[PDB]
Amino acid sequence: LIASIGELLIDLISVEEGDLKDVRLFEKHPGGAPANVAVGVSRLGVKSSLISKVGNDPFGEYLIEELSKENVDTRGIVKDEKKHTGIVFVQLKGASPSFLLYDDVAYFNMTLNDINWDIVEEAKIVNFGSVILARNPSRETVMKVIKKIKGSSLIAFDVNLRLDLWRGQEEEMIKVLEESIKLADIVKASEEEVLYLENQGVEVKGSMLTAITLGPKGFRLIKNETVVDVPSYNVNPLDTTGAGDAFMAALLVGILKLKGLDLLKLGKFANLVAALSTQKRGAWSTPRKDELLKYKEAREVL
C-alpha cells in the first residue's frame, strides 16, 4: 500500500554528550529516514514496505530483523556482496548536533537490477529519500524509479537536506533536489530548508501538498493557494528525534485514508501523531494505532 525507497543504515548513537571526537560509547539502532517512515506507517496500521540495500553482514541482518519485527515488508531489501551495511555515527545532544556518515556503503550502491518493481508498483504512495541521492548508482537508480512510476502512484519527498553530503557538488545537488521536488505530489521540508532552497531559485512545493515543519512550534500545510498553520499540541517532550519521520508517516497515512485533502482533519492527525511521538525514544518513535484510537483526531483517519 505504502512503499518507501531510500537509505537503511545503522545509527551509532553517542551515549554521552560531547564532540564525536571525544565520545567513548555508542549504542546501535536501525536508522535511515525512509526506513523510519516505513515503520511509522506500519505502526499506524498501514501495510508498508521498504526498498533498500544492506551489506551481507551482521549489521545487514540486524536491520532486516528489526524491520521485520515492526511488520515492514523487507522482501525489497537487497544484500550487497561488495559493500558493507551503511553506518553513521551521531551525536544528537548539545547545541550543535553532528554526525560522521560513511558513504561507500551498500545503500548508495543500488542498481536497477536491485529494484523489486512488483512492490514499487503495488503501492498507492511511494516515499523516497533525499540522502539516498547524494551518491550514484543509487541516485540514478532512484530517479529512474520515481520517473517511471510517476502518475501511477502518488510520490512523496522529504527534502531532509544534508549539505555535508554534497560538498564539492552543490550545483548537482540543486538540480537533483529541484528535479525531485517537481516529481513529488507530497513534499515535506523544514522552514530552514525551504528558505535555503528558494534562495537558490528552487521552489519547495508539492503539486498536491506541501508540509513545512516549524520545529517544536508546529507545522504548516499548503494546498494550492490555501495556507494553514497548525500549532503543536502540548506535551512534555521526552525525545523528539523521531518527530520528523513520525510526522511524515502520519501525513502519508492521513492522505491515504482521507478522501479529499481535509487539511483540518489531516492537519490534526499529523499534529497528534508527531506530538505523541515525542514521548518515545529513538528514530522509530511513531505511536501505535492502538494508542491513538483514544483520540478523536486519529479516529477520523485511523
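Residue positions are given as counts along the sequence shown, with the first one as 1.
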As the entry reports it, the stretch among 220-228 and 132-140 with higher mean C-alpha B factor is 220-228
Mean Cα B-factor check, 105-113 vs 199-207, entry values; winner is 199-207
In this crystal structure's PDB entry, the residue among 127, 85, 91, 152 with the greatest CA B factor is 152
The largest CA temperature factor among 235, 39, 251, 63 is found at 235
On the chain's distribution of Cα B-factors, residue 289 falls within the third called highest
Residue 100: CA temperature factor from the record, placed by chain third, in the lowest
Here the Cα B-factor of residue 58, set against its chain, lands in the third termed lowest
Quick tally, chain-level thirds of C-alpha B-factors: residue 45 sits in the middle
Entry-reported C-alpha B-factor of residue 273 relative to its chain, by third, is middle
